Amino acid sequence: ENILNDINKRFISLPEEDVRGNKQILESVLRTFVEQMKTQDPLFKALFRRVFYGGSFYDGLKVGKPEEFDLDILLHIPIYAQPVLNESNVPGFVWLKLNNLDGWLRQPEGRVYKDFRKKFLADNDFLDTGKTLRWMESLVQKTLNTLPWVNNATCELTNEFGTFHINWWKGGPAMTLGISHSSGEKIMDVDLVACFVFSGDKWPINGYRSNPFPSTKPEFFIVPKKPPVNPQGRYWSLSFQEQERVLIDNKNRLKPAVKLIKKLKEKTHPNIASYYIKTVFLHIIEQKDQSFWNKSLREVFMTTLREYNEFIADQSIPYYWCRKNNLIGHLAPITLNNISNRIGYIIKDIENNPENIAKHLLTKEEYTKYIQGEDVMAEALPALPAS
């Protein structure tokens, strides 16, 4: 009863000591950068509340060597300006307008918000995703220029863990910081995502699931990821990732089971996004008694794999927070039929033969190292590099 845990340790999960050490380094580099950002823009300093570290690495759900995560930079509009969040005509997306920005500007603390409308708002004082992204990109560029550069446009930052190199580029809506040890070893990429955070009173009700932790996780935020829709720039995504992280925590077999299924997905059906698997497990959490997660890893894996296949076969994975959004509604029936048939064959092949699981989860090259006793995760990303 250790086959699945052994596969996970040797071929799936970064050792937790290295997870923790890389997080301490990365979080310190980013605090230095965000503190410098505050020196470059009083409006950013006024808006800034906190950061949220987003992605599978920080959820404990990353398969293999971690490569990137999102720095969700949470900005807060003063409630005196009367922000109003409305559920949009596209399930899962919202609009945000301000009903009293002028009254806030007439307050003493509103002085630093003199350019907020110009920088962030479209017609009728709607928060605009494109304007927000352009504002953050400009601020990041301004900040990068004030840092010491070595080599060719490589920033050098120091902290209690040593000296680090920051490279940057824009491959999407948000700037990416590539963070490396000064000795050359790459650590991780970080996307700098400008978000707006709200208190529990603003939680959407029209077609949305209620907050499971309104006392201890009261806040949620909106993310400038658009769904063609009109009006352009008004549609914001909701992030309930802070609540999702609590839902998946303290559940023993759950995170190994998710990663085993994600490993299977990477090998046999990359057509399915990782968040769709995460979403299936949110539904399973809601359906199952809490004791389910204390069963054997084999039983949790086999049972959730079967239920995952039923979602795929049904061709519907409802967005956990707004059920009218089918996360796989855009995938073709033929594709989903083939993937469900694939998974059904795998279930039959491993049903009564747990020694066949590794044959389906691992590439042939990984399987050879598996049989030979190798551990490819032990040194996948040492927080203290060998140099």
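Note that residue numbering follows the sequence shown and begins at 1.
Enquirer: Going by the record, give me the number of deposited-sequence residues missing between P227 and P228 as none, 1 to 3, 4 to 9, or 10 or more.
Expert: Gap between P227 and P228: 1 to 3 residues without coordinates.
Enquirer: Per the entry, where is the mean C-alpha temperature factor higher: 242-250 or 120-128?
Expert: Higher mean C-alpha B-factor in the PDB entry: 120-128.
Enquirer: Check the entry's C-alpha temperature factors for 273-281 and 197-205, then say which stretch has the higher mean.
Expert: Higher mean C-alpha B-factor: 197-205.
Enquirer: Of the options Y113, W236, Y308, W149, which has the highest CA B factor as deposited?
Expert: Checking the PDB record, the top C-alpha B-factor among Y113, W236, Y308, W149 is at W149.
Enquirer: Can you tell me which of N159, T176, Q232, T143 has the highest Cα temperature factor in the record?
Expert: Answer for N159, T176, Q232, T143: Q232, with the highest C-alpha B-factor.
Enquirer: Of the three thirds of its chain by CA temperature factor, lowest, middle or highest, which one includes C155?
Expert: Answer is highest: the recorded C-alpha B-factor places it there.
Enquirer: Pull the Cα B-factor of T32 out of the PDB entry and bin it into the chain's lowest, middle or highest third.
Expert: According to the entry, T32 has a C-alpha B-factor in the chain's lowest third.
Enquirer: Sort the modelled residues of this chain by their C-alpha B factor and say whether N338 lands in the lowest, middle or highest third.
Expert: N338: CA B-factor falls in the middle third of its chain.
Enquirer: According to the PDB entry, is the CA B factor of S180 in the bottom, middle or top third of its chain, that is, lowest, middle or highest?
Expert: Within its chain, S180 is a lowest-third residue by C-alpha B-factor, going by the deposited values.
Enquirer: C-alpha B factor of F221, ranked within the chain: lowest, middle or highest third?
Expert: Lowest third - that is where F221 ends up once the chain's C-alpha B-factors are sorted.
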